[PDB]
Each structure stands twice: as structure tokens, then as C-alpha cells.
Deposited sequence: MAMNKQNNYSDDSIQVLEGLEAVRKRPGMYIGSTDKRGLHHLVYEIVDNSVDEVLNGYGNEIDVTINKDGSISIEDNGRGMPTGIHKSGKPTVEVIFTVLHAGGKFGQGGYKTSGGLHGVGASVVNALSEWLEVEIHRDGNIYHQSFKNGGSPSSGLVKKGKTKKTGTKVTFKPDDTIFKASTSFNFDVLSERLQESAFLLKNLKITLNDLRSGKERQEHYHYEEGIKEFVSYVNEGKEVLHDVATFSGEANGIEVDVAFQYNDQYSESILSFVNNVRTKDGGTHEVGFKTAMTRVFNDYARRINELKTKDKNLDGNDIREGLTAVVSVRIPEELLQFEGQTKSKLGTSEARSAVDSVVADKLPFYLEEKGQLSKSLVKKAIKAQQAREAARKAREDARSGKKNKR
């Protein structure tokens, strides 16, 4: 009954039926809690790997609606049983691929509980039972053995990497990952008050840093932007791009917008402090040498287009504008540092030119 289509072709919805597909089920539920925190409701997400094979995902958000949907069915049943109701395949796909799923909604001092079993078949109605001092939703589900053949066991380190990433992107979000399994009991907490500023320092661990993380945010078009960067004394570039708390591994327009404004502001500043003469412009390449940067954007549903590579042409204009508006003032106020970063980029340009001449001489 709709969920049976998900059960016959799971790959078409979660990619695979291996560790990757198993862990994506966890991410679908985590995302709903993340969305809620974005909207200003809640600040805590608890992920618990249970002894029985299940996984619990709890938040302190508003809690799911308890009432009858536009249709004649309880909203909880609509969410978990109606395909793609509300990647974003929905809680209903998690239910379809679960042996059992339990919902717990904390609303106005009361706990509302609903159970699902086998293909995502309601094994109870929404029952009001228990008193509470908190607001939020808790989803516990045990993956189906027949679906995730030899792949139902949750991996702590896989989840930790993704949960730490979510905490870095949403400052003041506290994520706790708990493993209760015998012989594997562990706990980690991810809470970064300085957000993507803390992400940059993390990516630069084990490398010497040239200055403290430079951060700047703003809004251009309908896109919110967060940019953090810090140079190391090494030569590699490490540009991490994110769209709506989710990584875009192949970059896109938001990444292009950051890179173009960075080259433009650096060149303009270099000529202003007379390091470059009337003498060619520094390439992006020279400027980005040893640069670790995090580009995090928030785009409305209407504007979005592509995933892994953003296509939203307006996001180029958005990042370009925030960087071009904020970076000149950073460089002007950090006079000695910025003069040093200009010289550094000139030396990278000179090194590259000498590599080019040696290559040409070896050819001719």
C-alpha cells in the first residue's frame, strides 16, 4: 500500500541496502529535527544506538502535530504511512524499511505514543500516556533484516562524522551520539558555539595556522550566507561547500561566488597597498594556496536547483556580494596580516611562473 513499492525497490529511494542505505534512514529522521532547530524551535538532538538493534532519534523541537490531517487520518499516521509526505524521501520510507518504528510526541506535559510494525503497518492508534516536562519528538526504529541483509548494524564512526558536521553548520546545536551496545558503549557530544569558525579550525588541525579564523555572514537575493576561512602554512586548498546544512561535494555556484570575490578583493587590496603595480593580477590558485574555507548557504525551496553540485545561479551573486562587502574591511583593519597575505600570494604566483618556465625550457 505505497510502502510496499518502497519495500520492492528500496535502492530507488535510499540508494542501496548496505551500510550507506542503513545510515541514510538515520539521516532522514535527524534532518527533521535539524529543520525544526533552523526554524527556531529546539537546540538538542540525541541519537542513541540501542542494545536491541534499534536506533533512537530525539529532539526538543515543537513535537509533531497530534491532530487529524486535512484528510480524515491522524497527522502522525499520515507522516509515517503516506509516501514522501512532508535527500528528502520522508519518515514514511524509514517506516517502510523498518521491522518496527515507535513515535513519542511530548506536547503540553503529555506524551503521545504510536507504534508501527512490519511494512510500516500501524500496530496502535495515537495513545496519550505519560506526563512530561519537555516538548519534542522521539523516533525509534529497528531496520528490516530482509531489506538490510548482513547490514542492519549501525556504525558509530559513520554517524559521528555526519552528526559532527551538522553541529558545525548550525551553531549552538547540541548533538549527542550514544552507543549502548555491549562491548561497544561510547558517547560523544557535538556542540560548537562559534559554528563554521570551529569547523575551519578542525579542518586545519595538525597544520600551522597563519592567523585566527576569519568569519563573515549576510543575506543577498533570498540566500543567507556563512563564510569562514583560515590559511595554513601548507600549499593545498580545502574549500568545503554546504547548501541547507547538507554538503555539496562537487561545489557549485555558491563556491564559484566565494572564489571570484576572493580573487577580486585580494587583487583590489594588493594594488591599493601598492604590492601589485599597474604587473598582472593574482590567479585564484595563488590566493587559495594553503587556504581552508567553509562556504555554508541557506536557499529557499523556490530558488533551489542542481544533487552534490549547486546550480542556483542566484547563489553565485549572493556569496560574491557578502564576501565583496565584508572582506575589504577585514583586510583594511588587519593591515600587517593582509600585507603579509598579499606577499604570500605574490610568492605563490612567482613559484608557479618559475615551474612554468622550467617546464617550457624542458620542452624546447
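- Unmodelled segments of the deposited chain, in sequence order: 1-17, 104-117, 310, 339-342, 401-406.
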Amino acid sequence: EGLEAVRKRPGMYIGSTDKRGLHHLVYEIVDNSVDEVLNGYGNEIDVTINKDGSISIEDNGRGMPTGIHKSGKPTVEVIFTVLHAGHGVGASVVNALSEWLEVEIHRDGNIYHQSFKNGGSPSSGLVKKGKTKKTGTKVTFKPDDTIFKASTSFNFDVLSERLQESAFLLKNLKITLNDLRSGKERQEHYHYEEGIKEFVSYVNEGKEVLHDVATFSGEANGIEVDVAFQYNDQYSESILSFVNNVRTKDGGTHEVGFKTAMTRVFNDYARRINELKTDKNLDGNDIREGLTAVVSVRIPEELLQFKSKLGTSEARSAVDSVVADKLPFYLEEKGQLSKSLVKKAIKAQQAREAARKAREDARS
From here on, numbers count along this sequence of modelled residues.
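- The deposited model assigns a higher average Cα B-factor to 77-85 than to the other stretch when 267-275 and 77-85 are compared.
- Here 67-75 and 282-290 are compared by their mean Cα B-factor, and 67-75 comes out higher.
- The residue among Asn95, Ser153, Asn245, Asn178 whose C-alpha carries the highest B-factor in the deposited model is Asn245.
- By the numbers in the PDB entry, the CA B factor is greatest at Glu205 among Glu104, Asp144, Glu205, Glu161.
- In the PDB entry, a CA B factor belonging to the middle third of its chain's modelled residues is recorded for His24.
- In the deposited entry, the Cα temperature factor of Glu224 places it in the highest third of its chain's modelled residues.
- When all modelled residues of the chain are sorted by CA temperature factor, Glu185 is found within the middle third.
- Looking at the C-alpha B-factors along this chain, the one for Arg359 belongs to the lowest third.
- When the modelled residues of the chain are ordered by their C-alpha B factor, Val139 lands in the lowest third.
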